[PDB]
Structures are given as C-alpha cells and as structure tokens.
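These notes are about the structure you will find just below.
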There are 2 protein chains.
Amino acid sequence: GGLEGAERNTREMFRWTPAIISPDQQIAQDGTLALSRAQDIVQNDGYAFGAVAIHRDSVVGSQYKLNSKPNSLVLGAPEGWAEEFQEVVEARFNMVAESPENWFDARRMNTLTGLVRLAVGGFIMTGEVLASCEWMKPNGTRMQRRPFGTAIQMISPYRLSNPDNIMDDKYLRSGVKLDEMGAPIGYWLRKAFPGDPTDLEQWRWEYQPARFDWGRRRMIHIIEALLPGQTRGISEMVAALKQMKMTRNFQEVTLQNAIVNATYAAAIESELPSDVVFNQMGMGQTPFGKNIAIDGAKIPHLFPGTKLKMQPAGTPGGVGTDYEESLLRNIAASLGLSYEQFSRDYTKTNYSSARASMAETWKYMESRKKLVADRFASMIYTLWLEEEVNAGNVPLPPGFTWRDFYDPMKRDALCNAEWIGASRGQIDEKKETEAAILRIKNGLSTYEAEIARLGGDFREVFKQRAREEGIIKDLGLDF
Amino acid sequence: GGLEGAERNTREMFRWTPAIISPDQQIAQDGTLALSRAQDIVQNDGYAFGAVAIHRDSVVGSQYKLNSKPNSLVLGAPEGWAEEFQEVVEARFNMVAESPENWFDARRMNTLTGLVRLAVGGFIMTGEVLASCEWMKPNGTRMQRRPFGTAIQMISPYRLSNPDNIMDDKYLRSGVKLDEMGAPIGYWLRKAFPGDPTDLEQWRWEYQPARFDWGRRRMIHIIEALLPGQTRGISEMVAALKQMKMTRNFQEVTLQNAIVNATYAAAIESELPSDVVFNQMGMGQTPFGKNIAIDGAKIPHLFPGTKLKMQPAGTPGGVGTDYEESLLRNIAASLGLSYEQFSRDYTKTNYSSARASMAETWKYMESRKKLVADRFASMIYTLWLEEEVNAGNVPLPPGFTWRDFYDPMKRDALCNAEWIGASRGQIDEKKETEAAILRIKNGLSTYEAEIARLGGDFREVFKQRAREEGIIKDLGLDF
C-alpha cells in the first residue's frame, strides 16, 4: 500500500489493529459500563459536575419559553389568525410551564425548564434523552385537579434493555424495537432500575410503543448519532473518560504527595534517643514569656552528629501548570466546552480570545439546543397542543377541526415552535446592544430575533412597554 | 537527472522508494483499516471527537434551511412567479425538515439538519457520504401516515464492498459499479454490517442502482477526490492517523509517568526494618492533639544511615508545552482546522490573529459545505420536490408540466437551491454588523447574503418585521 496510516508495515502502527465493529455492538458490549463510568465521574469530579451545569445553563438557562410559529401558508390561514393563536397558546402554555406546580412532570418535582435541563444534562452524561409520555387523569377531584393530562417521566437509560437479556437482532437493538427500515417502533423498559433491591419488579420488562393508536408519542427517544445506523446514544464523555479519570488520579496523587511532603517539616539524623533529640527541640518545654509546644523563635543546641534538616513545603508541580491546562483542554474538547468555562480559569483571556471561544462554544450549544432540547420540549408541546385542540381551548384556523391534527402537514404547521432559552450571554453590553439596534434599524433582523437573544419574546415586551408608556403618560413624566 | 529530490543519489532519499499505486488500489488494499482507525481515534480521543463536532457545527450548525433559487430565466418563467414558488416550497420544506418527527430519516431519529451533520461527521471520518433514497408509502394507515415518501438511510462505508470479495476490475472498484467512462451506475452493499454477530444475511450483498429510473436518484455518494481516477473517498484523517495515535500515546504515557513520579512522594533507604522506619515516620501514632495517619506536621528522628529523600511531584514536560502544540497543529492542518478550535487553546490569540485563523478555516468550511452538505441536501430536495410537483402542491411556471421535471436543464433549474446554516460566527460584533450595513447600503451586497450570514432568511425576516411594525403602530410605541 501507499497510505502510511492505514498500514501495519510501520513501527508506529504494527500494533494498531482496531476491530470492525457495529456501533450497536459497541453499545451492547460496553453500554452500561460507559453509563456507570460517566455518572461516577460526574458525581465525583467537580469539573465534570460543573460541565454538566454549564450544558444545562447555556442550552436552556433560567427559562425555556415557548414561541409558537404557526405555518399559516401550509394551513392557508389568514395573516391575522396566527397572532391570536400565538397569544393564546404562549400565554396558556408558559403559565403552566413555569408554574411551580410542576404540571408536566409525573413526579411533579421539575418545572418544564427543569425537565429540559434534566434531559440535556443527562444527554452529555448518558448520550440520549429517554422519556415516557404518561397520562394523569385530568378533570379529576378538586384535590387532584389538573389543567392537562399529559405528563413526562424521564427514564434512566439503564432500564432500556433487551427483555430477559436476549442477544440483539436486526429488529431489536439494545432494547429498541425496530422496523425493517430501522425506525424505532417501541422500547423495552425494565419496570425498575436494574439491581435496585427496593423494587422486586426489576426482574421484569415492559414494552412501550413509541406511537399510540395514532401517531401521538408515548415514548421520547433522542440521540445525536456519530456513526451511520446508530440507534442508541453514546455519550460525549466516552471519548474522554480515560483522560478524565487519569487526570483526576493525577490531581489526587499530586495532592497526597504535596501533603506528605509538607507533614515532614524537618528530620533529625541522630544516634541519640528520640527522647533526648526532641527535648533539645522543645519537647516538654513549657511556654512562657510527645508534642512540641510552639512558643517562638527557638534556637536548639544539637550535639555533633545530630543533623537537623529542615524540609520546607515546596510547590508541587504539574497541577496549576500548562500541563494540567492541556489535560482539561483535551477533556473540554470532548465535552464541547472552552477551557475557560470547564476549568473556570480566565487568567489568560482577552476580549478577542474570550469572544472567539464564546462563538465556537455557542455554535455547539445552539446545536445541542435545537437538536435535543427543542425537539424534546416540542414533543411535549405537540402533546399539550393535541389536548388543547381536542378540547378546543385554542383558536383553530378557518376550516380546521381537531381531526385534521392527524394530517402530518396540518399538524406540524401548528406544532411548529421556537423556544427561547435564557439570554445568550453578553460579554460587552454596550457594543453588542448597539449592534443589535443597528441590525434592527437597518432591516437586518427582527425584534423577535434580538429580544430572544436577550431572553424574551417581543410581543409581551411590547405589551409591557405599552403599559409603561400609559403609566408614564398619565403621570406626566417627561423621559 | 539533476533533481536531488526525485533521485536516490542523496543519503536522505536513497531509501524513500514509494510504490506507484492506483488510488482505487490504495482504497482496496488499505481501506477498511483506515475507517476502523479513524473511528477508533475519534471514539477514544477528545480532540478528534471535538474536531468532528467542530465540522458538524461549522459546516451545518443548528439549522440547515432551504433557500430555493429557481432559475426563472432558463425556465422562461415570468416575473413574480419565482417569489410565489419560493414562498410555498420553503414554507413546506423547512417546516417538515426541522420537524421533530424525523420525516426525512428512515430511522425516524434525525431531522434533516441532523442528517447533514451526520454526513459531515462521517465525511471527515470516512471520506464518503453514502445514503439510500428509500420510499415509504404515504397515506397508509393513520399511525404510518407520512406527508411524503422520501426517506434517507445513511449507510456505513463498510457495507460498500465488492460482492463475495471478488477482486476489483475496470468496471467494479471496491463496491462501485462503473461505466466505460468511470461513472458510478450502482453500488454493491452488504445486507447488513460486516461481522455483526446478530444477523445471518450479512453474508450477502445487494446491488442498488445509483439512478433508480427516469433520472430519479436511488443512492447518494459524495467524495472529495484528491487524485484523478478516484471513486472511493479517503478520510482526510489518514494523513494524521499516525500522528494522532502517537500523540495520544505520548499524552497517556506522560500522564502515567507523572502519576508514577507523584505516587512515590518519598523514599527511605535504610538497613533498618521497614516496620521500624515507618514507625519513625508516624505509623501507628494515634492522631489527636499498616498505613500512616497524618496529623499535622511531624519531625521524624532517623538513625544515621537512614536517608529520607523527599520526592515532590514535579511538572511533566512535553504536554502543555509548544511541543504538543506543534503536534496538534500538524493534526489540525490535516483536519482543516485552526489549532485553537482543535485544541481549544485560545490563550495566545489577538484580534488580527484570531480573525486570520477564522478566515483561513472559513474558506475550508464553506468549501466543504458547498461540495458535500449542499449537494447531499440538494439531492434530498430534488427527491422531495419530485413528489411535490407530481402532487401539484407547488406552483409550476406557465407551460411547465410534471413531465418537464425530466428535462435535466429544467429539473436543475427548479432544484437549484442555496442552504442556510447557522450564523457565521461574527466574532467582533458591531464591526461585522457595520460592515454588512455599509456593504448593503453601498450596493456591494444584498439582504439575501448578509442575513444568511446572520443565520436568517430574508423574506421571513421581512414578513416578521412587517408584523412587528404593525404591532408597534397598533400599540402606539416609539422605538
């Protein structure tokens, strides 16, 4: 051959013979070991926990608001219906979405924003979002009333497994039931976490269809595939688990080394007995104007042949140097982060380098957002919207009926949504704001687009400004 | 001759005697080992994984929107028609492509943007985009209801192989069937992944035409041919694989060396028993005011001949230094990346250097986009547009009929489309923005290009700004 890196004739490559292996078989063999190792590292390494928090906060942030994008042209509806639908749905949805009642969570502990945060954080940690679209009976007794029935239960990927540990097949890959095309049609879920001694049911599986008798989702599965034909998610951490673990071992053994070196503040080499030597150094000496009482500035007298070697605490190397910076860079590269975010070290930043790292990392996080968090929350929104449409709590477009919601086009037209996370981050308020103002005033952008960059949707902002101007006017304030 | 660099006369070049090997013979003879080594290094190094992510996010980003450019002239179309067709086609296509339903993906797991990202990542990792245009009948059972039949199965380049492992020939080069002029006419695909111990049919191959019938595309194959006469792609990693693996080995063995030198915090050399020596050092001492409990600082008394040697953890060299920088820079040179993106080391940057690197890498990524991502999506768009023209959802120009879609010139006139990825960074905002505004107002550009540089679509932006201006006017606001 002529390709140097694709041959074994080379001393550097003779031993590198990786196996031809399917991604699904990588997951089947490695699988739970990667999940457990990633969870371990996240739960025992501060940098990884922080990275998870950074993913949560950059992708989603403090809020995850709905902006509804009804595709009027597919629906043929007039430009003037859409604004009413947007108003009504955004109000009704965001109200219960941000509500502390946790309506959307079957466990009633996470707000929608919190559900999305949990998904994203698990994604980097597990490689996939796995959730069930439970149903909690609405219009029940007053003590258990609900505005809507749909609820989400986020599932541990450990529970997704082939029933009774059978080997995988063309139509069954690590717990996923596949059609002939490879499309997931249903998932095999252990009724409880594996190995959990508190639940006897963990011995058993249940099969949950991805789609109901109609295309309504009963299960939510999301991955960002690396290889063609991959159907189970492999976490980004897997590329770095070795580096993360060995970096942690390095940090800890370095810290132990430092401590050990600092404890032995001195050493005597003496042929005297210990009781004499330490008495020379202040043992048993009372402090006044086998533990030595420090009082101050002693001058010991040591017989010749007794050597007092003082061993002051040196600076332990490696950690805090460019080396450990490089390790953390290698990791953050897999986690999609900038060294500054991952390591919390901005010592060597400047306005341009900070801005460049922000641009790269924002590209990555906007990708994760629009391809994991937006899909997840949109799967939730389409369910809530199915409920409201069948109930007629929303303004249907001319000629529409809740039965048309089964038409993929007419459905995706309404369920189309854009999601406003927190503000995008703003390293320089003055300059970036003037840029946005320029882009608006010169037509290069919408208010909706910029105000979303600022963490809001433009219409409530304009309503609030209307209220503020009415208040200002009747007060007579000349601003 | 006189060319010292193409002669074996010199001491340096005597042994360098490379084989004259056909490109396809390189792919055949080495080949799969390049794929395995590339996916290995990607799945076991954070830097390569980050590089793949950077490709996906730089080439494609968070969105991949259609901007149809119907060549009204060669269609002989009248004024005004192009706007109506563009409106309808983009309204439908972007809506379905960004839908969480995963219409275009036969696995029903990736949106269109995700398919393009998956190609781009597989490209860098395999040199090839390989996909099958599947057909799933629309308007079947409700749960199977689809808006269109076009589906794309992304295919593992391992499955593209000569049937029954026969040797290649004039008309059959590593799985690709060739005409007399070397053009691909069909592809020989294993039924399933090779060596998958999950299904039996992997012993069998399937020939799939490249052009199903009457112009329609049954399969998609894309490569960046380095050499003439090349029909299979070679990953741009292959120049780097040796360097990647050896720098990985260097990083890891350096880390092991560091951890080892840190572990042995000290040594005692003594003809004393170990039990005695460690007792001198604090073994068994109870910590208040088999292993040593530290309790504050200590002063051991050691008998003469017992040298206590402190061995504090030193800084490991190589990694973190300019040496590792040069290695990662070599690799970045092959992957088309800047050292900063690849390594995330944005310390030694300044505005002009950052801008220069950004431009250098943007040229590469724009080239990759147009040559790989835009062609893939354009093929998908032609397949979808075929369905839409047959169904009559899109307004055809006067005199055009669904049979004219066979005419290569008119077919290519309609299918002509540009694609909008995520925004082009805009590192130094308010300067890039002022630049775009001046470029527009002085006529050196148009809203189409600049807003696309901002990740938006101009016509939708103008509609939304019309809505915003109407709302402002109705609320009586003055921004």
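Numbering starts fresh at 1 for the residues of each chain in the structure tokens, the chains themselves are lettered A, B, ... in the order given, and ligands are numbered from 1 as they appear.
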
**Message:** Show me, as a PyMOL selection string, the residues that have an atom within 9 Å of residue 299 of chain A when counting only C-alpha atoms, minus same-chain residues fewer than 2 positions from it.
**Reply:** chain A and resi 281+297+301

**Asked** Using only C-alpha atoms, which residues sit within 8 Å of residue 147 of chain B once same-chain residues fewer than 6 positions away are excluded, as a PyMOL selection string?
**Response** (chain A and resi 407-409) or (chain B and resi 138-139)

**Request:** Between B:226, B:385, B:391, B:358, single out the one closest to chain A, counting only C-alpha atoms.
**Result:** B:358

**Message:** Would you pick out the contacts of residue 424 of chain A at 12 Å or less, using only C-alpha atoms, so that residues sharing its chain but fewer than 3 positions from it are not included, and give the list as a list in words?
**Reply:** residues 57, 58, 59, 60, 61, 62, 63, 358, 359, 361, 362, 363, 365, 366, 369, 420, 421, 427, 428, 429, 432, 449, 450, 451, 452, 453, 454, 455 and 456 of chain A

Restricting the output to N, CA and C atoms, write the selected residues as a PDB file, in the first residue's frame.
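Final output, selection.pdb:
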```pdb
ATOM      1  N   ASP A  57     -27.105  25.198  31.680  1.00  0.00           N
ATOM      2  CA  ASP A  57     -27.357  26.629  31.780  1.00  0.00           C
ATOM      3  C   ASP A  57     -27.162  27.355  30.463  1.00  0.00           C
ATOM      4  N   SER A  58     -26.264  26.868  29.616  1.00  0.00           N
ATOM      5  CA  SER A  58     -26.009  27.512  28.337  1.00  0.00           C
ATOM      6  C   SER A  58     -27.076  27.152  27.319  1.00  0.00           C
ATOM      7  N   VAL A  59     -27.472  25.884  27.291  1.00  0.00           N
ATOM      8  CA  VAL A  59     -28.501  25.428  26.371  1.00  0.00           C
ATOM      9  C   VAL A  59     -29.859  25.974  26.774  1.00  0.00           C
ATOM     10  N   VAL A  60     -30.241  25.759  28.025  1.00  0.00           N
ATOM     11  CA  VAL A  60     -31.574  26.100  28.494  1.00  0.00           C
ATOM     12  C   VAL A  60     -31.498  27.398  29.276  1.00  0.00           C
ATOM     13  N   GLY A  61     -30.778  27.363  30.390  1.00  0.00           N
ATOM     14  CA  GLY A  61     -30.653  28.537  31.221  1.00  0.00           C
ATOM     15  C   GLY A  61     -31.755  28.618  32.264  1.00  0.00           C
ATOM     16  N   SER A  62     -32.104  29.850  32.622  1.00  0.00           N
ATOM     17  CA  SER A  62     -33.051  30.108  33.692  1.00  0.00           C
ATOM     18  C   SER A  62     -34.497  29.956  33.260  1.00  0.00           C
ATOM     19  N   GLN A  63     -34.761  29.898  31.962  1.00  0.00           N
ATOM     20  CA  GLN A  63     -36.120  29.789  31.463  1.00  0.00           C
ATOM     21  C   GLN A  63     -36.062  29.092  30.118  1.00  0.00           C
ATOM     22  N   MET A 358     -16.264  31.968  22.886  1.00  0.00           N
ATOM     23  CA  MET A 358     -17.709  32.049  23.034  1.00  0.00           C
ATOM     24  C   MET A 358     -18.421  31.722  21.739  1.00  0.00           C
ATOM     25  N   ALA A 359     -17.891  32.174  20.609  1.00  0.00           N
ATOM     26  CA  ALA A 359     -18.531  31.887  19.332  1.00  0.00           C
ATOM     27  C   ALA A 359     -18.529  30.393  19.048  1.00  0.00           C
ATOM     28  N   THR A 361     -18.189  27.861  21.191  1.00  0.00           N
ATOM     29  CA  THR A 361     -18.964  27.113  22.165  1.00  0.00           C
ATOM     30  C   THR A 361     -20.450  27.388  22.003  1.00  0.00           C
ATOM     31  N   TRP A 362     -20.811  28.595  21.578  1.00  0.00           N
ATOM     32  CA  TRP A 362     -22.209  28.886  21.311  1.00  0.00           C
ATOM     33  C   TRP A 362     -22.709  28.150  20.085  1.00  0.00           C
ATOM     34  N   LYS A 363     -21.873  28.009  19.061  1.00  0.00           N
ATOM     35  CA  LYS A 363     -22.274  27.176  17.936  1.00  0.00           C
ATOM     36  C   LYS A 363     -22.625  25.777  18.418  1.00  0.00           C
ATOM     37  N   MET A 365     -23.470  24.746  21.490  1.00  0.00           N
ATOM     38  CA  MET A 365     -24.618  24.696  22.384  1.00  0.00           C
ATOM     39  C   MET A 365     -25.918  25.011  21.671  1.00  0.00           C
ATOM     40  N   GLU A 366     -25.887  25.860  20.653  1.00  0.00           N
ATOM     41  CA  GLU A 366     -27.085  26.079  19.863  1.00  0.00           C
ATOM     42  C   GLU A 366     -27.444  24.827  19.089  1.00  0.00           C
ATOM     43  N   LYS A 369     -29.032  22.551  21.634  1.00  0.00           N
ATOM     44  CA  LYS A 369     -30.336  23.107  21.928  1.00  0.00           C
ATOM     45  C   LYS A 369     -31.339  22.694  20.868  1.00  0.00           C
ATOM     46  N   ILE A 420     -37.319  29.896  23.442  1.00  0.00           N
ATOM     47  CA  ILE A 420     -36.459  30.960  23.929  1.00  0.00           C
ATOM     48  C   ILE A 420     -35.874  30.521  25.259  1.00  0.00           C
ATOM     49  N   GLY A 421     -34.598  30.190  25.260  1.00  0.00           N
ATOM     50  CA  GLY A 421     -33.888  29.939  26.491  1.00  0.00           C
ATOM     51  C   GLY A 421     -33.508  31.246  27.147  1.00  0.00           C
ATOM     52  N   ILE A 427     -20.831  39.431  26.744  1.00  0.00           N
ATOM     53  CA  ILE A 427     -19.534  39.811  27.288  1.00  0.00           C
ATOM     54  C   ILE A 427     -19.376  41.325  27.330  1.00  0.00           C
ATOM     55  N   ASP A 428     -19.976  42.042  26.382  1.00  0.00           N
ATOM     56  CA  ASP A 428     -19.878  43.500  26.320  1.00  0.00           C
ATOM     57  C   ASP A 428     -21.270  44.044  26.016  1.00  0.00           C
ATOM     58  N   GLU A 429     -21.922  44.577  27.048  1.00  0.00           N
ATOM     59  CA  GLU A 429     -23.295  45.051  26.917  1.00  0.00           C
ATOM     60  C   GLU A 429     -23.409  46.148  25.869  1.00  0.00           C
ATOM     61  N   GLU A 432     -22.479  45.102  21.917  1.00  0.00           N
ATOM     62  CA  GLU A 432     -23.392  44.116  21.357  1.00  0.00           C
ATOM     63  C   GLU A 432     -24.800  44.674  21.238  1.00  0.00           C
ATOM     64  N   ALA A 449     -36.080  38.220  16.957  1.00  0.00           N
ATOM     65  CA  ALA A 449     -34.798  37.525  16.953  1.00  0.00           C
ATOM     66  C   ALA A 449     -33.853  38.104  17.995  1.00  0.00           C
ATOM     67  N   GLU A 450     -33.811  39.431  18.106  1.00  0.00           N
ATOM     68  CA  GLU A 450     -32.890  40.067  19.039  1.00  0.00           C
ATOM     69  C   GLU A 450     -33.357  39.921  20.475  1.00  0.00           C
ATOM     70  N   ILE A 451     -34.644  40.148  20.721  1.00  0.00           N
ATOM     71  CA  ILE A 451     -35.148  40.070  22.081  1.00  0.00           C
ATOM     72  C   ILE A 451     -35.040  38.649  22.602  1.00  0.00           C
ATOM     73  N   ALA A 452     -35.169  37.660  21.722  1.00  0.00           N
ATOM     74  CA  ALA A 452     -34.870  36.288  22.107  1.00  0.00           C
ATOM     75  C   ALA A 452     -33.414  36.138  22.510  1.00  0.00           C
ATOM     76  N   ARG A 453     -32.512  36.809  21.794  1.00  0.00           N
ATOM     77  CA  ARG A 453     -31.117  36.832  22.210  1.00  0.00           C
ATOM     78  C   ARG A 453     -30.987  37.416  23.608  1.00  0.00           C
ATOM     79  N   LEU A 454     -31.886  38.331  23.963  1.00  0.00           N
ATOM     80  CA  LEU A 454     -31.900  38.983  25.263  1.00  0.00           C
ATOM     81  C   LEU A 454     -32.732  38.235  26.294  1.00  0.00           C
ATOM     82  N   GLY A 455     -33.340  37.116  25.918  1.00  0.00           N
ATOM     83  CA  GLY A 455     -34.119  36.332  26.855  1.00  0.00           C
ATOM     84  C   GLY A 455     -35.583  36.701  26.949  1.00  0.00           C
ATOM     85  N   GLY A 456     -36.206  37.086  25.837  1.00  0.00           N
ATOM     86  CA  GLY A 456     -37.634  37.328  25.840  1.00  0.00           C
ATOM     87  C   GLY A 456     -38.238  37.196  24.460  1.00  0.00           C
TER      88      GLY A 456
END
```

**Request:** Show which residues sit within 7 Å of residue 347 of chain B, as a PyMOL selection string. Count only C-alpha atoms, and ignore same-chain residues fewer than 4 positions away.
**Result:** chain A and resi 348-349+353

**Message:** Nearest residue to residue 193 of chain B out of A:315, A:25, A:256, A:326, using only C-alpha atoms?
**Reply:** A:25

**Proximity to chain A - best of B:271, B:83, B:322, B:213, only C-alpha atoms** =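 Distance minimum relative to chain A lands on B:322.
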
**Request:** Name all residues at most 8 Å from residue 137 of chain B (count only C-alpha atoms; drop same-chain ones fewer than 3 positions away) and give them as a list in words.
**Result:** residues 140, 146, 148 and 149 of chain B

Selection above as a file: N, CA and C atoms, as a tab-separated table (two decimals), in the first residue's frame:
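Result saved to again.tsv:
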```
chain	number	residue	atom	x	y	z
B	140	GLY	N	-50.87	5.72	4.05
B	140	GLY	CA	-51.28	4.42	4.52
B	140	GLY	C	-52.04	4.54	5.82
B	146	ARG	N	-47.59	9.55	6.57
B	146	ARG	CA	-46.46	10.39	6.24
B	146	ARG	C	-46.90	11.52	5.31
B	148	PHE	N	-44.81	12.70	2.97
B	148	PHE	CA	-44.15	12.32	1.74
B	148	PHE	C	-43.43	11.00	1.97
B	149	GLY	N	-43.05	10.36	0.88
B	149	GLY	CA	-42.45	9.05	0.96
B	149	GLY	C	-40.94	9.05	1.04
```

**Prompt:** If you count only C-alpha atoms, which residues fall within 9 Å of residue 168 of chain B, apart from same-chain ones fewer than 6 positions away, as a list in words?
**Reply:**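 Once the nearby chain positions are removed, what remains is residues 24, 25, 28, 162, 174 and 175 of chain B.
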
What residues in segment 44-77 of chain B get the DSSP label strand (DSSP E or B)? Please answer as a compact mmCIF listing (two decimals) with N, CA, C and O atoms, in the first residue's frame.
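File written: result_15.txt
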```txt
# COMPACT_ATOMS: atom_id res chain seq x y z
N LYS B 65 -31.41 25.47 6.52
CA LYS B 65 -32.64 25.93 5.90
C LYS B 65 -32.51 26.02 4.39
O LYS B 65 -31.46 26.36 3.85
N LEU B 66 -33.61 25.71 3.71
CA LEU B 66 -33.67 25.84 2.27
C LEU B 66 -33.84 27.29 1.86
O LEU B 66 -34.60 28.04 2.47
N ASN B 67 -33.11 27.70 0.81
CA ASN B 67 -33.35 28.96 0.12
C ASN B 67 -33.38 28.63 -1.36
O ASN B 67 -32.35 28.59 -2.02
N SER B 68 -34.58 28.39 -1.88
CA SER B 68 -34.72 27.98 -3.26
C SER B 68 -34.40 29.13 -4.20
O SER B 68 -34.80 30.28 -3.98
```

**Message:** Taking the DSSP secondary structure from the backbone, can you list the residues of segment 208-346 of chain B that are alpha helix (DSSP H), as JSON, numbers by chain?
**Reply:** {"B": [241, 242, 243, 244, 245, 246, 247, 248, 249, 250, 251, 252, 253, 254, 255, 256, 257, 258, 259, 260, 261, 262, 263, 274, 275, 276, 277, 278, 279, 280, 322, 323, 324, 325, 326, 327, 328, 329, 330, 331, 332, 333, 334, 335, 339, 340, 341, 342, 343]}

Atoms kept (C-alpha atoms) for selection, written as a PDB file, in the first residue's frame:
```
ATOM      1  CA  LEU B 241      -3.787   8.911  11.952  1.00  0.00           C
ATOM      2  CA  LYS B 242      -0.172   8.066  12.684  1.00  0.00           C
ATOM      3  CA  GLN B 243       0.377  11.435  14.339  1.00  0.00           C
ATOM      4  CA  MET B 244      -2.942  11.178  16.178  1.00  0.00           C
ATOM      5  CA  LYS B 245      -2.145   7.785  17.646  1.00  0.00           C
ATOM      6  CA  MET B 246       1.421   8.637  18.556  1.00  0.00           C
ATOM      7  CA  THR B 247       0.488  11.927  20.203  1.00  0.00           C
ATOM      8  CA  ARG B 248      -2.240  10.058  22.082  1.00  0.00           C
ATOM      9  CA  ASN B 249       0.349   7.537  23.252  1.00  0.00           C
ATOM     10  CA  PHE B 250       2.606  10.420  24.250  1.00  0.00           C
ATOM     11  CA  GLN B 251      -0.112  12.157  26.249  1.00  0.00           C
ATOM     12  CA  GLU B 252      -1.115   8.965  28.024  1.00  0.00           C
ATOM     13  CA  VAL B 253       2.352   7.656  28.818  1.00  0.00           C
ATOM     14  CA  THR B 254       3.341  11.119  30.003  1.00  0.00           C
ATOM     15  CA  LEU B 255       0.351  11.107  32.334  1.00  0.00           C
ATOM     16  CA  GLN B 256       1.291   7.672  33.627  1.00  0.00           C
ATOM     17  CA  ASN B 257       4.845   8.890  34.179  1.00  0.00           C
ATOM     18  CA  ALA B 258       3.561  11.891  36.101  1.00  0.00           C
ATOM     19  CA  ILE B 259       1.232   9.848  38.282  1.00  0.00           C
ATOM     20  CA  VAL B 260       4.024   7.390  38.998  1.00  0.00           C
ATOM     21  CA  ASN B 261       6.555  10.028  39.978  1.00  0.00           C
ATOM     22  CA  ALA B 262       3.900  11.652  42.146  1.00  0.00           C
ATOM     23  CA  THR B 263       2.931   8.391  43.835  1.00  0.00           C
ATOM     24  CA  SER B 274      10.568  -1.336  57.287  1.00  0.00           C
ATOM     25  CA  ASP B 275       8.373  -1.822  60.356  1.00  0.00           C
ATOM     26  CA  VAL B 276      10.765   0.336  62.384  1.00  0.00           C
ATOM     27  CA  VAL B 277      11.338   3.007  59.759  1.00  0.00           C
ATOM     28  CA  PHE B 278       7.651   3.604  59.140  1.00  0.00           C
ATOM     29  CA  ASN B 279       7.163   3.771  62.893  1.00  0.00           C
ATOM     30  CA  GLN B 280       9.677   6.613  62.996  1.00  0.00           C
ATOM     31  CA  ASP B 322       4.887  24.151  22.475  1.00  0.00           C
ATOM     32  CA  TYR B 323       5.812  20.590  21.500  1.00  0.00           C
ATOM     33  CA  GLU B 324       2.287  19.287  21.985  1.00  0.00           C
ATOM     34  CA  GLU B 325       1.122  22.483  20.314  1.00  0.00           C
ATOM     35  CA  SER B 326       3.123  21.573  17.232  1.00  0.00           C
ATOM     36  CA  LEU B 327       1.726  18.043  17.148  1.00  0.00           C
ATOM     37  CA  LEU B 328      -1.863  19.213  17.473  1.00  0.00           C
ATOM     38  CA  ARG B 329      -1.083  21.838  14.857  1.00  0.00           C
ATOM     39  CA  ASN B 330       0.074  19.135  12.459  1.00  0.00           C
ATOM     40  CA  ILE B 331      -3.195  17.310  13.030  1.00  0.00           C
ATOM     41  CA  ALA B 332      -5.277  20.466  12.676  1.00  0.00           C
ATOM     42  CA  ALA B 333      -3.546  21.126   9.369  1.00  0.00           C
ATOM     43  CA  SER B 334      -4.946  17.844   8.065  1.00  0.00           C
ATOM     44  CA  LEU B 335      -8.423  18.227   9.547  1.00  0.00           C
ATOM     45  CA  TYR B 339      -5.033  24.999  16.243  1.00  0.00           C
ATOM     46  CA  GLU B 340      -7.314  26.977  18.540  1.00  0.00           C
ATOM     47  CA  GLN B 341     -10.532  25.215  17.549  1.00  0.00           C
ATOM     48  CA  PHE B 342      -8.913  21.785  17.554  1.00  0.00           C
ATOM     49  CA  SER B 343      -7.178  22.253  20.900  1.00  0.00           C
TER      50      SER B 343
END
```

**Item:** Residues within 10 Å of residue 403 of chain A, only C-alpha atoms, excluding chain neighbours under 3 positions, as a list in words
**Value:**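 That gives residues 389, 390, 400, 406, 407 and 411 of chain A.
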
**Request:** Measuring atom to atom with only C-alpha atoms, identify which of A:80, A:273, A:392, A:215 is nearest to chain B.
**Result:**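 Between A:80, A:273, A:392, A:215, the residue approaching chain B most closely is A:215.
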
**Message:** Measuring between only C-alpha atoms, which one of B:291, B:102, B:446, B:26 shows the shortest distance to chain A?
**Reply:**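 The closest residue to chain A is B:26.
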